[PDB]
Every structure is written in C-alpha cells, then in structure tokens.
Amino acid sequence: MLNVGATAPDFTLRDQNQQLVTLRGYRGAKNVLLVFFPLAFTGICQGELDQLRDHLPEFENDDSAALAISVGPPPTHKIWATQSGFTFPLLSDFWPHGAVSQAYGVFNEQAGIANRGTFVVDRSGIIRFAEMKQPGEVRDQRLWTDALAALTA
C-alpha cells in the first residue's frame, strides 16, 4: 500500500454512467477521498458507502471530492448505486482487472478484488492519508472528514 507522501497514481476510469473520470482533473481544485472497496452487493462496504451517502456534504463540496473504486464494471455499479442512493462516483477498475488498485498497493492478488483501502489526495496530487483496517472492521468515516478538514481550514 502506497504511503503518505507518495504521488498518487493518475487514472482514467469509467463511472457508473460510462463517463470518464480522471484523478488529474481535480489537481489544483479539490482534495480527493479515494475509497477502494472489494465487491458491490456485499455487507461491509454497503454499510461503509451508506455512511458516505448519509454524510455526502462533508465529502463532496467546494474543497473535496469523493470517488469509490472497485473492480466491478459500470452496469454493476449503476444498479447498486441506484438501489443504494449513491449519487457520488463509483469507478470501474474493471479492465485491465484491478490495474489502479494494484498501483495503489490495495489489491488482493489471490481473490482478485481490492482491499478496503482509503486515501486522501491533496490538491497537488500527493497522498496525505492512507488507511487499511482489519478484516470485518468498518472504516472510521469521522477519520476521513478529519483528514479532509486538515487540508482546508
């Protein structure tokens, strides 16, 4: 897993509507919270993304953007997003399979899915926060807002 201080691998991925989303596009404009998750329609990250949806104003505003990423293709993310109320971007690290996840050091080579890793990328494209919690343990979202809050005022 890339650690704090590393330049964040740039990427171009399709969101749930088949639109292209590039990390570079936020450079100089917004800090970016990257939430990698293993698989759509599973218990743990459903709860995790539900928290994100419920606190969206803290993640998607004038100073911050939030991007969820997993290896699933757009149709999968669209169905789940629509059913779950995910109005933020769910990006497909689908083909190449897990290419971005591997570059961030959060890919499970054995199962073929991304681990629950989280990073905050600043306006310079530098990783300023990196998190990877133990299995079965949900991530601390108050932590993400604190991290984001430190990169503003």
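All residue numbers refer to positions in the sequence shown, first residue = 1.
**Q** Which wins on mean Cα temperature factor, 141-149 or 10-18?
**A** That would be 141-149.
**Q** On average, are the C-alpha B-factors higher in 39-47 or in 99-107?
**A** Comparing 39-47 with 99-107, the higher mean C-alpha B-factor belongs to 39-47.
**Q** Can you work out whether the C-alpha temperature factor of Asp122 puts it in the lowest, middle or highest third of the chain?
**A** Within its chain, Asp122 is a lowest-third residue by C-alpha B-factor, going by the deposited values.
**Q** What third of the chain, by the recorded C-alpha B-factor, contains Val71?
**A** Ranked within chain, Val71 CA B lands in the lowest tercile.
**Q** Would the CA B-factor of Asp93 place it in the lowest, middle or highest third of its chain?
**A** Answer is lowest: the recorded C-alpha B-factor places it there.
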